[PDB]
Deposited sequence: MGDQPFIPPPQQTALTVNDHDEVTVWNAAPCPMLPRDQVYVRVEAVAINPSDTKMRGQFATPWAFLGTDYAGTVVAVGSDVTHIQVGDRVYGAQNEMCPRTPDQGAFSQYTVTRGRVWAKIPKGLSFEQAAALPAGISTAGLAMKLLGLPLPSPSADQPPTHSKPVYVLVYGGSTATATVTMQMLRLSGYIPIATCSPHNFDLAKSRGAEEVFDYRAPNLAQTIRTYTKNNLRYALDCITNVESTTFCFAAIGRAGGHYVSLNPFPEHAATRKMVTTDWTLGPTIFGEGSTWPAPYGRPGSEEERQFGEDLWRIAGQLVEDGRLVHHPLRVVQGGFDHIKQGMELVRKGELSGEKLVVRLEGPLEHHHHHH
């Protein structure tokens, strides 16, 4: 009845020589009183995994954000979950004070309340594809100053004059979850991405979608939005996406939010960027002197977000990004990361269903 974690496990990490490495003698985490122990069944690959390298990498700390798995033990201070339940959530990868916690392990623990039970109708693979998307979508809306959806409302809030939100990179894993959430809160997303993903973008909430390569496209968008676009969410964050977003924003100003720190005007634009670890209310060691401290308000926001998003996912109002599923082990995760780093996925999320053993 007391739970004793296995003596060692396989986990994906980074070397002393900055190489991604399968480690077959990695530690297993201890079980917090307020968390559950998870045998990991599926994981999703995120670009942020592939950037944990150089001095962003903590050698021997576990990689990986998105996991879904089977509860094999339950903390003493936890009710409503039992052994055998299925959960999905986010880990805080490569955190130096919790090196034995990451999605890319055979055994992990839930973190904070940034997790939920998998609805009866979803697979481990569908559920694993969700966590970073949900967490980022909520953090982006928070930064933009937009209320999260009500899980109990019968329709989105009404706006006789549309409130537009530009989503640059409409086929990104983050944008497809975010656009559904924006629609639920009564906003009208307009998206830019490649033509082969137009159907995908519209299916996920874009009123209209445009090829970002199209000449003078920001004039088109300005006109579409009656020269009063006040919100832009940049899911790409490079020199070109930033220029484009600034150009599309209306003459009276607006708010630009990016998913990464943005590259090296007088235009009346407020700016923010999503810091992923803040979903846990934990803080970080960048950027870049002092990092950011943790905070109970950030902690409570992530818990509120996950309670809301967990229900939306439960009732079919929030759907996962299209999947590319690989059956395999930790080498398949490492191969997965290379595919993602090389920019080789479009309109799909790479999910590894773990063959145990």
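Since the structure holds only modelled residues, which stretches of the deposited sequence does it leave out?
Unobserved in coordinates, per deposited numbering: 1 to 3, 268 to 270, 364 to 371.
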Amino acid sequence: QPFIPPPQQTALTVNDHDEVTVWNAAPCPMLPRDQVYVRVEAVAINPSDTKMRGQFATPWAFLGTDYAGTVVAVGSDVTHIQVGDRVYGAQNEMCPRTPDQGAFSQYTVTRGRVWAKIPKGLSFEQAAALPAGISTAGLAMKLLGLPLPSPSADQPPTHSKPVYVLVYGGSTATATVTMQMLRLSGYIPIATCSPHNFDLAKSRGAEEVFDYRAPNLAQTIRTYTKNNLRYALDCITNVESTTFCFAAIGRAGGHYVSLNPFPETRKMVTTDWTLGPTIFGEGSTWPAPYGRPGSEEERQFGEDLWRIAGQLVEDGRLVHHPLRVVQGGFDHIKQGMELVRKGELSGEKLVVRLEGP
From here on, numbers count along this sequence of modelled residues.
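I need to verify one thing: averaged over C-alpha atoms only, is the B-factor higher for 118 to 126 or for 177 to 185?
Between 177 to 185 and 118 to 126, it is 118 to 126 that shows the higher mean C-alpha B-factor.
Compare the mean C-alpha B-factor of 291 to 299 with that of 322 to 330 as given in the PDB entry, and name the stretch with the higher value.
The stretch with the larger average C-alpha B-factor is 291 to 299.
Can you tell me which of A57, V313, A44, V40 has the maximum CA B-factor listed in the PDB entry?
The record points to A57.
So if I compare the CA B-factors in the entry for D199, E282, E208, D272, which one is the largest?
Of the options given, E282 has the highest CA B-factor in the PDB entry.
Quick check for you: using the entry's CA B-factors within this chain, is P277 in the lowest, middle or highest third?
For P277, whose C-alpha B-factor we compare with every modelled residue in the chain, the answer is the middle third.
Could you look up the Cα B-factor of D49 in the entry and say which third of the chain it sits in: lowest, middle or highest?
Within its chain, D49 is a middle-third residue by C-alpha B-factor, going by the deposited values.
When the deposited Cα B-factors of this chain's modelled residues are ordered and cut into thirds, is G64 in the lowest, the middle or the highest one?
It falls in the bottom third of the chain.
In terms of the CA temperature factor given in the entry, to which third of its chain does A153 belong: lowest, middle or highest?
As the PDB entry reports it, the C-alpha B-factor of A153 lands in the highest third of its chain.
Could you say whether, by C-alpha temperature factor, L305 belongs to the lowest, middle or highest third of its chain?
It falls in the bottom third of the chain.
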